[PDB]
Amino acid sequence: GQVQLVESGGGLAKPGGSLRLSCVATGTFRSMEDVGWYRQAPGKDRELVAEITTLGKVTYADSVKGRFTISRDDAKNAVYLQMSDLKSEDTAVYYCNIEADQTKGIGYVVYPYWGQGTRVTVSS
């Protein structure tokens, strides 16, 4: 099996601005399972921003809760992050992680996939 991710929507905003991140998965998979947005600034560890498990459980990092909203479209196999009320600490490369169900027969073969990411700069 193959998976390709296309991440987009990243750009520059000033404090209080808005962006919309998008990630679209194509390839040979049965379905998307757990999906989430992450971010890595220089000198820091990559951190979870928001996630929706295949069972529907939603989770936000405390630092973005109430500001960011993750959603997923399982017909189109796409995952979105609406980022509003942007703060300068939000600056980082953002990565969507998509678990792909790659089962060929009956089972639950699931591997996680990363993209090249999309850059967000929140500048003074």
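A residue's number is simply how far along the shown sequence it sits, counting from 1.
*Which has higher Cα B-factors on average according to the PDB entry: 46 to 54 or 26 to 34?*
Comparing 26 to 34 with 46 to 54, the higher mean C-alpha B-factor belongs to 46 to 54.
*Taking the recorded C-alpha temperature factors, which stretch has the higher mean, 35 to 43 or 83 to 91?*
The recorded data point to 83 to 91.
*Taking the Cα B-factors listed in the entry, which of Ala78, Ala61, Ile98, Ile70 comes out highest?*
Of the candidates given, the C-alpha B-factor peaks at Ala61.
*Against its chain's modelled residues, does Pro112's Cα B factor rank lowest, middle or highest third?*
Bottom third by C-alpha B-factor.
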